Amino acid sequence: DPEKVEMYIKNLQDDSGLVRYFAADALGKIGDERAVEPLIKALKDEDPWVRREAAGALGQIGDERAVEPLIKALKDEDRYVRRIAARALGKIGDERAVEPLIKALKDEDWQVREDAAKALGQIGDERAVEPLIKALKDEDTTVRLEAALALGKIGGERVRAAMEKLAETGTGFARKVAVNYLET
């Protein structure tokens, strides 16, 4: 309803974090465009539950306005805010997010690196081919698995050339990915 949306938009200013975090979650679920500028303001909330919910909400709406503010949320102090901002950027599918997500592939937290790889696969920009190839050598097995899956969504000549090189000079998992995905 148009009223439920304005009510929740008003709740994004409430003193109570319980009210703000709920309002951001609710606005994401409603998906009304009117909530995009107030949700962008919520990405700067003191409470990390509200920031996380706002990032998630913005990804669910899918509006381009959220791209530059979500790119700055990839540098958030909170690992769950970062991981959700990466998820959201992949959901939106905007090319502007490719270079910041390539940097997030090198995050200290593996759930952020994993969501960055998934997002890069979702976006499907060729600039992600070489960084995702490097992520096949990540210490985390699930990050390596998502980087191989992501390259599978990209495909093409950059993918073929990178696989031909890895099947020749690469070792372990990356070598196996290059031989197996080359057959596919």
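One-based numbering along the sequence shown.
A summary of the deposited B-factors shows that, of 27 to 35 and 151 to 159, the stretch with the larger mean C-alpha value is 151 to 159. Stretches 133 to 141 and 42 to 50 differ in mean C-alpha B factor, with the higher average recorded for 133 to 141. Among all modelled residues in this chain, the alpha-carbon of residue 117 has a temperature factor (C-alpha) in the middle third. Among the modelled residues of the chain, residue 67 sits in the middle third by CA temperature factor in this PDB entry. In the PDB entry, a CA B factor belonging to the middle third of its chain's modelled residues is recorded for residue 99. Residue 55 sits in the lowest third of its chain by CA B factor, as recorded in the PDB entry.
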